[PDB]
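Colleague: Before I ask anything, let me first share the structure, which is written out below as structure tokens.
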Amino acid sequence: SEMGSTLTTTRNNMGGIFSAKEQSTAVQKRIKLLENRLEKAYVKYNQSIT
Amino acid sequence: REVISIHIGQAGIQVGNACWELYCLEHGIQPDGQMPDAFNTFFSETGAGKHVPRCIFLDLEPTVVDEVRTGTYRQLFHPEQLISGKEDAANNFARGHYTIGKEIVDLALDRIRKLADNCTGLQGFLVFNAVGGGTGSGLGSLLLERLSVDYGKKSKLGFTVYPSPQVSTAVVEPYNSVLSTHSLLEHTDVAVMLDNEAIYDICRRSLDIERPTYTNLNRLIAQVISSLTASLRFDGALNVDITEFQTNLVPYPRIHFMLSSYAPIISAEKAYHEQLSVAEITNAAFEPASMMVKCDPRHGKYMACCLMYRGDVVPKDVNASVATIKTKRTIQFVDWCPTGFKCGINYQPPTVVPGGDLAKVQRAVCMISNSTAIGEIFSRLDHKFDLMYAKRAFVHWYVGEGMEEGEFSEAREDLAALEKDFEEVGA
Amino acid sequence: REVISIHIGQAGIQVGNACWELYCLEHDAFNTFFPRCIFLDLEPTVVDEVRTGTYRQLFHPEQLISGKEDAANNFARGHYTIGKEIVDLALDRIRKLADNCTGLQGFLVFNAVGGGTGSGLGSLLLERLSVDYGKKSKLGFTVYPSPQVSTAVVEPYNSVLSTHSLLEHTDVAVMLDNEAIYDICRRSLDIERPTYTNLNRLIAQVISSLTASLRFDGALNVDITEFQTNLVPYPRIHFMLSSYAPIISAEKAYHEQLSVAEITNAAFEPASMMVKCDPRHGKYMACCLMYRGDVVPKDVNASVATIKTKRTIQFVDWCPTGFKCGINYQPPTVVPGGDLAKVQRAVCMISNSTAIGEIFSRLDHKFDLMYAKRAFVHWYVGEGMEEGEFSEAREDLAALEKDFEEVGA
Amino acid sequence: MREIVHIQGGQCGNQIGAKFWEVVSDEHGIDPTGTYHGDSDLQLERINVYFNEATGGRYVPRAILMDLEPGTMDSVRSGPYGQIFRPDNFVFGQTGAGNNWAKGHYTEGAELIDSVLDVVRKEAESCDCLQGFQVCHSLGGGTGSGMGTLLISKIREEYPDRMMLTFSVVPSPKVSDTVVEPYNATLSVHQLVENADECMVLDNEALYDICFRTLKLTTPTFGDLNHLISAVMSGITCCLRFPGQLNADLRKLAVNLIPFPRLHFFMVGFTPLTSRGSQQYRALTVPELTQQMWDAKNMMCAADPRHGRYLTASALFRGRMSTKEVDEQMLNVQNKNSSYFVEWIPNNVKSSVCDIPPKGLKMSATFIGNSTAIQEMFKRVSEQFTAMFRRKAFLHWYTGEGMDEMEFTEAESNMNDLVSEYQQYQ
Amino acid sequence: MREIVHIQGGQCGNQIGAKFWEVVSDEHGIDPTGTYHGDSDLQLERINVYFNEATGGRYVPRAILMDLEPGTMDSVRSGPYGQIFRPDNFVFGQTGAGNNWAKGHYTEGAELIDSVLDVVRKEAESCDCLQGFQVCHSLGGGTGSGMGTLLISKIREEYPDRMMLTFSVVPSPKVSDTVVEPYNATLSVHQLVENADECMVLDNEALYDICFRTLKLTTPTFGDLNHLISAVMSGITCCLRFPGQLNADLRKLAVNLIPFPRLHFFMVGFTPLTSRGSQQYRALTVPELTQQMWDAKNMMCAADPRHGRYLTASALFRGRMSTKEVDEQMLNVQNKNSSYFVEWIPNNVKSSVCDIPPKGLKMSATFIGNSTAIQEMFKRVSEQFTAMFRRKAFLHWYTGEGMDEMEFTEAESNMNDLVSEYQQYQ
Ligand SMILES: Nc1nc2c(ncn2[C@@H]2O[C@H](COP(=O)(O)OP(=O)(O)OP(=O)(O)O)[C@@H](O)[C@H]2O)c(=O)[nH]1
Ligand SMILES: Nc1nc2c(ncn2[C@@H]2O[C@H](COP(=O)(O)OP(=O)(O)OP(=O)(O)O)[C@@H](O)[C@H]2O)c(=O)[nH]1
Ligand SMILES: Nc1nc2c(ncn2[C@@H]2O[C@H](COP(=O)(O)OP(=O)(O)O)[C@@H](O)[C@H]2O)c(=O)[nH]1
Ligand SMILES: Nc1nc2c(ncn2[C@@H]2O[C@H](COP(=O)(O)OP(=O)(O)O)[C@@H](O)[C@H]2O)c(=O)[nH]1
Ligand SMILES: [Mg+2]
């Protein structure tokens, strides 16, 4: 019974089965977006320089 | 985009037997599973020319499942999908929720996972259950609990059968309905009620069938689902998805209980002598002689309504027709909501299945509304549930299974609190 | 390029009786098999069933070796007393089989370690093969006894005493239980009452899937020397879990949509391993994936990516590239009377992990309990053994347990 | 999968069970030899509940015959369908109790009941998923009442989580075959209220009344009475053997009809049951089945329910029927005669339909009502028990075997508080 | 290939062997005239294990009849399958011992044992690869026990590596034919513990009890009892004669059931055994065979195995069956009844499957349990032996023949130390 209770509370704590992949894939996509944005900002600055 | 449909209990998988029948007869697939791209929402393709439905039938008693294994559609369903237990919950919510449920729902979960994994753009789930029984009530609520913790953001369309006010087959069903709603409240995102006496009256008066069995009931339920997924399956002049109903119809995260209706339910002879257009079916969708739940919205006030239109329907007259409804004064909308409608038109007419008693109609309307008349049914359930609970009748079966007196009182006051919630939003 | 197969014992040649049936039914590509075989046993009953069977004329009469009387579930008897007169005749034939050959990839041996012939003269044959050739590979697909399902009584004595030589003689050793295969036929093949014949048929499927790279041209071929590098990170750690997919009936196969992504998954769940052990307790050291039939390199590439990103199973901290793929074009063949349906594509996975460290530990107690009271020891000692080799084989498995625990860290 | 092991005790149990196995085997298309000869595939799907395939179409019934005198055992093997029972299932004593509940419960039971238990164990473990046990016996005799009741108590402490049906005929003054009927009935009922899950009351008086008016038989031998009882037993467990639009299993019926753990005595009726002279003038619809079902002169007990109140009731329908009609008929009979029903429970009737009629009819039904009027039997029996026990009649045949006086006083108290407790919920 | 030479001693040995050669000759399809007349090919290739081709298809058995009285030889030669033996193999004394172990072991054996050894040697080297010898005798009689025992010792001196089976019946006090049973059985066991390889213990109580209860025979003559013993002996050496999915020869069974060299006394059982009236009321499955196997009331010894623990057990199956069912059934009985098995030995059950059933049956089984309940009989015998020997009853009939008092004390000593080692390992 105690092990069953610990199982249920840990099961609720993981926040779902698919939760880990979504958070992992979301932060990875976020990495890509900042990289893309940084390139456009660099281009504007270098264009301003010329 | 894909949606998978799960069926729990005797009433659940019988409803599925009519739905998948209607589906293959609509998309031109023989019962064996081969054609002589819009089928992608429901059928996955083996790649060898065989189409398999996205569904799992499950229950606790092997009788109703194994006639399906040997009907005409023996070859349509994948064998693993048709789950079956060994012994029944026997109209006992606790027995389906703690004793026998705890062994069978984990098998259903690790099945439903690979149905979702085969899908790509999963729109949601949609569940079929009757709350009067023990399987559909007990492990149904248990399954919804574990579904909410697994996915959460995905829609769960609950098409439930509530017990009728006067026409009933079981005697402990008041207990089962109250305890089940206690969890169906905070898990199902959009829960549609389907009574049994209302469908009985429709087949008696509209279909003029004086001796209806369960077959005709399940037939017209599949018709409503088909009218509701045509917007997802086919292209129309103005379409909606299943995520649209989540926002456009439920004002508060605990008021999600919709009254369904469909029109025109007309026999083979009235259609020949009668006229079909958009205005009259827009009318016929609102009169209480065509509702699927024994309640009267004339006693209630509308929050928001939804209107599925099928067939040769242009958008100018659906607007003119809904305008005429608002200018009438028999039904009124809530003060907070100036606009209370969500309309939708799709090009494909409803197909007919041979052997059914639905005529080939040129056009049809499926209305799904939200109101406060639903508050009267829940209150009506509380009177006869509390009636017997004080003397502790039939409590010994549930408490012998492993429950106590605590969950009756705490579930009772939760649904009692819901009664006060419905009354305060109506003001 | 050719590879010859040796079969020892009641279990060995019955496995071969199904394996060679598949080879003839499957077939210049034949050159690697056409047979280059040898059956050998101490009991003449099962060999002489082949001599009168349907494949009378197929096998050359001398090939089928057969002794005079059985070792009778006695490792010492089949290794010291009776082996000594038949093993010399066997290996002095296998030599001229190799002289017939020119590009010998290796030998592959089939034996069950529970018995006396499969275990005793198995190790004896292996010791003279290792001193005679040394460099040439000898793949040993052995059948270890299950934890709870069992047919004999003294098999712990045999399994420990056989393993002590299976370490340093064979190059690549694949475990196979009977309970795990029974579970496979019960779960996936839904055969509730299986016999030895069905087990041997799907064992042949695994063997065929790992030699099809030599026989037929694929997109990415893999020889027997390739497994030698890509799966054994240490000279004494070569014990491989096996799996196969899709093991599926005739009707279910058509209903389901077999593809590359899901069978790469199905080949990784412990519900489909050929050895009764749970790799969730262990960490994968390396994996090897043989793909047969209708396979493009993209989806196999995509599938190994999803496995690596899952967290239900873990790898050792040492291998970021913990895989070895292999693709062959010809699909797997079927046998009339067999239960496996025809599939466009199949996967045979051979991995290496620390879950195997559990089976040896489980084995230790059963051997330990019997040995402490000196049960059945008088049979083996009068055969020619002593108490020395019992205790020393015991401490060899003790060292192996510490070895797996050290490498797994 | 769901399985029922059958147990017949005493002479009453043996004839009832004999005609019962003929009726079921004929429904499943098995001839007297015991080989399958039916046509429909549906008849084969659900023979695991009552039979075991032996070899070459041979189906053996899952029954156990238990008695004390060999006259009943030989009368069983003589008649038709007598060659189908396994001869090892004839567990059997030799001496005979003879209408002495103490001899049936203390002397001869103590050496026969281990044997009958061992047979039951083999029959229970031979199958996979027990649904329950099914015991048919009487309450007047000795070898059925005392031994059978001891068997019930022993089994209930062995498998406590499985259902158990017992069909028991009870004595009445108008049909008084033995002299010590109350001394046997009162002690037997004391054990039944504490052990059995549910009981189905029967009597021979009502059966004679049914054979006079409804059947209009000329010579109602015991064969016809056993025929009625067999039709009832087949009707209640039809749901497990055949599929239907609304299936209702034994456990589903028990939890739906028993509101309190001590209120488990039911009166049963069956329809249609008509004479051959009027069977030609009849119609087969749902209302005609109901108004012959709920008639008081069709109950198989001498306890008129309108002298009490209905707690719950149940109807098991068989045949291709429309479920709307089924429910509206139960609604009509509950709304009109509202006084005869309990008030603090709405919709007192559980209903179910199965899609396989019995052979010879197009549509049938089976009624199980848990009324409170069953207390008429308890008072009716206890006064005869009191009338002898105040004066110590026939007592020494009970006392000299091991029973003392407080057993009768405890049995009196429990029966007396039971009829008192039925009266309070009334 | 593997060869079995047969040796029968005494009246018990001759009549048991007569029924044995009847059933083996029918299994190999040989007529009573000695010529092959079978149908299947399988029956030809493995008759050298039991027969010798003489000339013109004359297959004569490889057997040796041995006794001291001509009544048994003439009764053997009279009946069918009596004219198939070689008349030179009827080695035969003339005086007779008569239930005197000393006569059969020192005086009369001294002039016969030379002739039997001549015949058995010539008959042994006639075949190439001997598997072992097979002896059938008793432990109550004199010319069976004493001469047969002396023959066992001399044979083990010459051929010390070859196997040895002994089917021996032991006396029990409930069926006590002679008066000097303890004096004979005790001395006979003293030689069996050191000379035989394994002894399958038999008795007449269990045999008579089996034919009463399970077979339900009315008049069980020696023919039926000898028929049962022969069916056991055919089952134990079916692996050599027929191909199977898993083979187990004599040596294979010996090493898996004997954990210590002096612990080689077995109990035997044969299945299936059913009455003629109930042969068609049953299935033929592996679980059914297992329930009849592990029944304690089915051993062919009068020693209840549930009075002790099993050390090991063996099951030889015959018929087309699934090996998985075999192992699952053995594992199931190994887990549920955990106390009756020894703990420091897992896997106390060796199993084997042959593909050829005995003639007339579909699937059979033979059980050989080496239990520690066998020590009760040795105590059950030693208490009788001491009862006589405390007071020198009947002692002079043996003393004036050569035995001294130390021989009887030695026999008590060996019996007592043996029962202590069974008690030790329990
Ligand atoms: N609308 C509709 N309702 C049905 C149908 N069949 C059964 N029901 C309803 O189901 C309720 C009882 O539940 P069931 O589905 O029959 O049984 P269950 O939910 O599986 O519960 P158990 O009997 O314990 O297995 C009844 O009150 C009926 O109203 C049907 O075909 N159509
Ligand atoms: N998979 C499989 N295993 C088998 C088969 N036959 C025997 N075995 C295994 O072999 C083990 C015992 O060894 P056997 O092969 O039967 O006999 P052996 O190895 O030749 O040794 P001996 O009996 O002394 O001749 C058992 O544990 C079985 O699990 C078979 O046909 N298929
Ligand atoms: N319905 C029916 N009742 C029977 C039959 N035979 C006996 N009885 C009843 O059994 C009662 C007497 O019980 P008895 O047969 O002596 O029981 P037993 O001695 O314990 O087996 C009487 O009241 C009869 O009504 C029968 O064939 N049918
Ligand atoms: N099963 C069986 N037992 C027998 C037979 N003949 C004798 N016996 C047993 O043998 C014992 C006597 O052995 P006996 O014939 O005197 O042996 P012998 O004098 O040395 O040949 C008795 O206890 C009998 O029960 C027989 O034909 N079959
Ligand atoms: Mg072998």
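Here's how to read the names in the structure tokens: chain A, B, ... by the order shown, residue numbers from 1 in each chain, ligand numbers from 1 in the order shown.
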Give me, as an MDAnalysis selection string, the set of residues whose atoms come within 12 Å of any atom of ligand 5, counting only C-alpha atoms and all ligand atoms.

Modeller: (chainID C and resid 8:14 40:47 66:67 69:75 78 111:122 152) or (chainID E and resid 239 244:249 251:252 352)

Colleague: Please identify every residue of chain C that has at least one atom no farther than 10 Å from an atom of chain A, counting only C-alpha atoms, and for each give the shortest atom pair and the distance in Å to one decimal, arranged by chain then increasing number, as a tab-separated table.

Modeller:
residue	atom	partner	partner_atom	distance
C:309	CA	A:21	CA	8.2
C:310	CA	A:21	CA	8.2
C:311	CA	A:20	CA	9.1

Colleague: Return as a PyMOL selection string the residues belonging to chain C that are within 8 Å of chain B, counting only C-alpha atoms.

Modeller: chain C and resi 252+254-258

Colleague: For the selection you just gave me, I'd like the residues written to a file as a PDB file, in the first residue's frame, keeping N, CA and C atoms.

Modeller:
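out16.pdb was written with the following content:
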ATOM      1  N   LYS C 252      -2.885 -11.157 -37.977  1.00  0.00           N
ATOM      2  CA  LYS C 252      -2.526  -9.884 -37.364  1.00  0.00           C
ATOM      3  C   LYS C 252      -1.599  -9.082 -38.270  1.00  0.00           C
ATOM      4  N   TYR C 254      -1.433  -8.700 -41.553  1.00  0.00           N
ATOM      5  CA  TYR C 254      -2.130  -7.875 -42.532  1.00  0.00           C
ATOM      6  C   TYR C 254      -2.836  -6.703 -41.862  1.00  0.00           C
ATOM      7  N   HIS C 255      -3.443  -6.933 -40.698  1.00  0.00           N
ATOM      8  CA  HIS C 255      -4.161  -5.860 -40.019  1.00  0.00           C
ATOM      9  C   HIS C 255      -3.226  -4.732 -39.606  1.00  0.00           C
ATOM     10  N   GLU C 256      -2.046  -5.064 -39.087  1.00  0.00           N
ATOM     11  CA  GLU C 256      -1.175  -4.020 -38.575  1.00  0.00           C
ATOM     12  C   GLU C 256      -0.366  -3.404 -39.708  1.00  0.00           C
ATOM     13  N   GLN C 257       0.189  -2.224 -39.449  1.00  0.00           N
ATOM     14  CA  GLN C 257       0.969  -1.501 -40.452  1.00  0.00           C
ATOM     15  C   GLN C 257       2.429  -1.588 -40.034  1.00  0.00           C
ATOM     16  N   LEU C 258       3.098  -2.642 -40.475  1.00  0.00           N
ATOM     17  CA  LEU C 258       4.490  -2.821 -40.106  1.00  0.00           C
ATOM     18  C   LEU C 258       5.321  -1.752 -40.806  1.00  0.00           C
TER      19      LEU C 258
END

Colleague: Up to 7 Å from chain E, what residues of chain C turn up? Count only C-alpha atoms and give them as a PyMOL selection string.

Modeller: chain C and resi 45-46+72-73+149-154+193-196+366+369-370+375-376+379

Colleague: Any chance you could export the current selection's N, CA, C and O atoms as a PDB file, in the first residue's frame?

Modeller:
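Output file result.pdb follows:
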ATOM      1  N   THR C  45      19.552 -41.783 -31.596  1.00  0.00           N
ATOM      2  CA  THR C  45      18.128 -41.789 -31.917  1.00  0.00           C
ATOM      3  C   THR C  45      17.715 -40.582 -32.753  1.00  0.00           C
ATOM      4  O   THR C  45      16.917 -40.714 -33.686  1.00  0.00           O
ATOM      5  N   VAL C  46      18.238 -39.397 -32.433  1.00  0.00           N
ATOM      6  CA  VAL C  46      17.816 -38.194 -33.146  1.00  0.00           C
ATOM      7  C   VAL C  46      18.566 -38.001 -34.461  1.00  0.00           C
ATOM      8  O   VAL C  46      18.002 -37.475 -35.427  1.00  0.00           O
ATOM      9  N   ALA C  72      24.060 -38.769 -20.922  1.00  0.00           N
ATOM     10  CA  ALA C  72      23.016 -38.838 -19.901  1.00  0.00           C
ATOM     11  C   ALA C  72      23.122 -37.674 -18.912  1.00  0.00           C
ATOM     12  O   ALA C  72      23.325 -37.866 -17.713  1.00  0.00           O
ATOM     13  N   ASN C  73      22.969 -36.455 -19.439  1.00  0.00           N
ATOM     14  CA  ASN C  73      22.905 -35.243 -18.620  1.00  0.00           C
ATOM     15  C   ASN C  73      24.054 -35.213 -17.625  1.00  0.00           C
ATOM     16  O   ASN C  73      23.880 -34.958 -16.433  1.00  0.00           O
ATOM     17  N   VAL C 149      11.245 -22.106 -15.480  1.00  0.00           N
ATOM     18  CA  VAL C 149      10.881 -23.257 -16.300  1.00  0.00           C
ATOM     19  C   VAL C 149      12.118 -24.121 -16.480  1.00  0.00           C
ATOM     20  O   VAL C 149      13.174 -23.632 -16.896  1.00  0.00           O
ATOM     21  N   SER C 150      11.994 -25.403 -16.168  1.00  0.00           N
ATOM     22  CA  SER C 150      13.154 -26.276 -16.188  1.00  0.00           C
ATOM     23  C   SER C 150      12.734 -27.715 -16.454  1.00  0.00           C
ATOM     24  O   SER C 150      11.668 -28.144 -16.007  1.00  0.00           O
ATOM     25  N   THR C 151      13.572 -28.455 -17.181  1.00  0.00           N
ATOM     26  CA  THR C 151      13.318 -29.869 -17.433  1.00  0.00           C
ATOM     27  C   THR C 151      14.235 -30.829 -16.694  1.00  0.00           C
ATOM     28  O   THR C 151      13.819 -31.955 -16.422  1.00  0.00           O
ATOM     29  N   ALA C 152      15.456 -30.436 -16.360  1.00  0.00           N
ATOM     30  CA  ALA C 152      16.380 -31.318 -15.659  1.00  0.00           C
ATOM     31  C   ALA C 152      16.568 -30.855 -14.221  1.00  0.00           C
ATOM     32  O   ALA C 152      15.957 -29.892 -13.767  1.00  0.00           O
ATOM     33  N   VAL C 153      17.439 -31.562 -13.499  1.00  0.00           N
ATOM     34  CA  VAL C 153      17.714 -31.275 -12.100  1.00  0.00           C
ATOM     35  C   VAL C 153      19.157 -30.843 -11.883  1.00  0.00           C
ATOM     36  O   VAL C 153      19.422 -29.925 -11.099  1.00  0.00           O
ATOM     37  N   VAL C 154      20.104 -31.479 -12.571  1.00  0.00           N
ATOM     38  CA  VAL C 154      21.516 -31.202 -12.345  1.00  0.00           C
ATOM     39  C   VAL C 154      22.013 -30.126 -13.298  1.00  0.00           C
ATOM     40  O   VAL C 154      23.222 -29.883 -13.388  1.00  0.00           O
ATOM     41  N   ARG C 193      -0.127 -23.408 -26.646  1.00  0.00           N
ATOM     42  CA  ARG C 193       0.424 -24.736 -26.391  1.00  0.00           C
ATOM     43  C   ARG C 193       1.538 -25.006 -27.398  1.00  0.00           C
ATOM     44  O   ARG C 193       1.352 -25.762 -28.360  1.00  0.00           O
ATOM     45  N   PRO C 194       2.712 -24.411 -27.200  1.00  0.00           N
ATOM     46  CA  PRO C 194       3.832 -24.611 -28.122  1.00  0.00           C
ATOM     47  C   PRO C 194       4.706 -25.801 -27.756  1.00  0.00           C
ATOM     48  O   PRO C 194       4.777 -26.231 -26.604  1.00  0.00           O
ATOM     49  N   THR C 195       5.394 -26.314 -28.767  1.00  0.00           N
ATOM     50  CA  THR C 195       6.342 -27.408 -28.616  1.00  0.00           C
ATOM     51  C   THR C 195       7.713 -26.950 -29.100  1.00  0.00           C
ATOM     52  O   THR C 195       7.900 -25.801 -29.503  1.00  0.00           O
ATOM     53  N   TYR C 196       8.685 -27.866 -29.060  1.00  0.00           N
ATOM     54  CA  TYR C 196      10.049 -27.513 -29.444  1.00  0.00           C
ATOM     55  C   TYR C 196      10.164 -27.121 -30.909  1.00  0.00           C
ATOM     56  O   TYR C 196      11.077 -26.374 -31.275  1.00  0.00           O
ATOM     57  N   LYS C 366      21.327 -21.289  -7.104  1.00  0.00           N
ATOM     58  CA  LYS C 366      20.857 -22.654  -7.322  1.00  0.00           C
ATOM     59  C   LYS C 366      22.032 -23.623  -7.329  1.00  0.00           C
ATOM     60  O   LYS C 366      21.971 -24.699  -6.724  1.00  0.00           O
ATOM     61  N   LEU C 369      23.483 -23.768  -3.604  1.00  0.00           N
ATOM     62  CA  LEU C 369      22.720 -24.524  -2.617  1.00  0.00           C
ATOM     63  C   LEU C 369      23.010 -26.010  -2.751  1.00  0.00           C
ATOM     64  O   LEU C 369      23.273 -26.698  -1.760  1.00  0.00           O
ATOM     65  N   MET C 370      22.968 -26.516  -3.982  1.00  0.00           N
ATOM     66  CA  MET C 370      23.168 -27.939  -4.204  1.00  0.00           C
ATOM     67  C   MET C 370      24.592 -28.352  -3.870  1.00  0.00           C
ATOM     68  O   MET C 370      24.817 -29.407  -3.267  1.00  0.00           O
ATOM     69  N   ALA C 375      25.279 -32.433  -3.254  1.00  0.00           N
ATOM     70  CA  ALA C 375      24.291 -33.214  -3.982  1.00  0.00           C
ATOM     71  C   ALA C 375      24.836 -33.595  -5.352  1.00  0.00           C
ATOM     72  O   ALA C 375      25.539 -32.811  -5.996  1.00  0.00           O
ATOM     73  N   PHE C 376      24.519 -34.813  -5.795  1.00  0.00           N
ATOM     74  CA  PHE C 376      24.836 -35.293  -7.140  1.00  0.00           C
ATOM     75  C   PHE C 376      26.317 -35.229  -7.498  1.00  0.00           C
ATOM     76  O   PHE C 376      26.692 -35.587  -8.618  1.00  0.00           O
ATOM     77  N   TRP C 379      28.271 -38.495  -8.791  1.00  0.00           N
ATOM     78  CA  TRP C 379      28.181 -38.898 -10.192  1.00  0.00           C
ATOM     79  C   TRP C 379      29.321 -38.316 -11.015  1.00  0.00           C
ATOM     80  O   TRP C 379      29.971 -39.027 -11.787  1.00  0.00           O
TER      81      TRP C 379
END

Colleague: Residues contacting ligand 3 - anything with an atom at most 9 Å away, using only C-alpha atoms and all ligand atoms - can you give me those as an MDAnalysis selection string?

Modeller: chainID D and resid 9:16 67:69 72 96:101 104 137:148 169:172 175:178 181 202:205 207 221:229

Colleague: Please return, as a PyMOL selection string, all residues of segment 65-158 of chain E that DSSP assigns to helix (DSSP H, G or I) on the basis of the backbone.

Modeller: chain E and resi 70-78+87-89+101-107+109-124+145-158

Colleague: Within 7 Å of residue 290 of chain B, counting only C-alpha atoms, which residues qualify if same-chain residues fewer than 5 places away don't, as number ranges by chain?

Modeller: B: 202, 261-262, 285

Colleague: At a cut-off of 9 Å, can you tabulate as CSV every residue of chain A near chain B together with its closest atom pair and the distance in Å to one decimal, using only C-alpha atoms and ordering rows by chain then number?

Modeller:
residue,atom,partner,partner_atom,distance
A:11,CA,B:149,CA,8.5
A:12,CA,B:149,CA,6.9
A:15,CA,B:149,CA,6.5
A:16,CA,B:150,CA,4.3
A:17,CA,B:150,CA,5.7
A:18,CA,B:150,CA,7.2
A:19,CA,B:150,CA,8.3

Colleague: Would you save the residues from that selection as a PDB file, in the first residue's frame, using N, CA, C and O atoms?

Modeller:
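The new file selection05.pdb reads:
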ATOM      1  N   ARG A  11       3.735   9.494 -10.034  1.00  0.00           N
ATOM      2  CA  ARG A  11       3.057   9.533 -11.325  1.00  0.00           C
ATOM      3  C   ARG A  11       2.435  10.902 -11.573  1.00  0.00           C
ATOM      4  O   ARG A  11       2.441  11.399 -12.704  1.00  0.00           O
ATOM      5  N   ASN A  12       1.861  11.510 -10.536  1.00  0.00           N
ATOM      6  CA  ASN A  12       1.320  12.859 -10.678  1.00  0.00           C
ATOM      7  C   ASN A  12       2.428  13.899 -10.810  1.00  0.00           C
ATOM      8  O   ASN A  12       2.229  14.930 -11.462  1.00  0.00           O
ATOM      9  N   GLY A  15       4.032  14.931 -14.350  1.00  0.00           N
ATOM     10  CA  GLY A  15       3.297  15.831 -15.210  1.00  0.00           C
ATOM     11  C   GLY A  15       2.935  15.233 -16.543  1.00  0.00           C
ATOM     12  O   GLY A  15       2.730  15.966 -17.512  1.00  0.00           O
ATOM     13  N   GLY A  16       2.858  13.913 -16.619  1.00  0.00           N
ATOM     14  CA  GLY A  16       2.488  13.217 -17.832  1.00  0.00           C
ATOM     15  C   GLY A  16       3.665  12.482 -18.448  1.00  0.00           C
ATOM     16  O   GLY A  16       4.827  12.683 -18.097  1.00  0.00           O
ATOM     17  N   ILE A  17       3.324  11.607 -19.390  1.00  0.00           N
ATOM     18  CA  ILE A  17       4.340  10.813 -20.068  1.00  0.00           C
ATOM     19  C   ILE A  17       5.057  11.648 -21.122  1.00  0.00           C
ATOM     20  O   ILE A  17       6.292  11.660 -21.190  1.00  0.00           O
ATOM     21  N   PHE A  18       4.302  12.360 -21.952  1.00  0.00           N
ATOM     22  CA  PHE A  18       4.856  13.091 -23.081  1.00  0.00           C
ATOM     23  C   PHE A  18       5.485  14.418 -22.665  1.00  0.00           C
ATOM     24  O   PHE A  18       5.996  15.144 -23.524  1.00  0.00           O
ATOM     25  N   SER A  19       5.457  14.739 -21.368  1.00  0.00           N
ATOM     26  CA  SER A  19       5.900  16.047 -20.890  1.00  0.00           C
ATOM     27  C   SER A  19       7.381  16.298 -21.146  1.00  0.00           C
ATOM     28  O   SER A  19       7.765  17.400 -21.550  1.00  0.00           O
TER      29      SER A  19
END

Colleague: Residues contacting ligand 1 - anything with an atom at most 6 Å away, using only C-alpha atoms and all ligand atoms - can you give me those as a ChimeraX atom specification?

Modeller: /B:9-11,14,88-91,130,132-136,163,168-169,196,214,217-218 /D:246

Colleague: Taking only C-alpha atoms into account, which residues of chain D are within 7 Å of chain E, as JSON, numbers by chain?

Modeller: {"D": [54, 55, 60, 86, 87]}

Colleague: Any idea what's packed within 10 Å of segment 380-383 of chain D, counting only C-alpha atoms, ignoring anything in its chain fewer than 2 positions away? Could you give it as a ChimeraX atom specification?

Modeller: /D:170-173,181-183,185-186,375-378,385-389,412,415-416,419
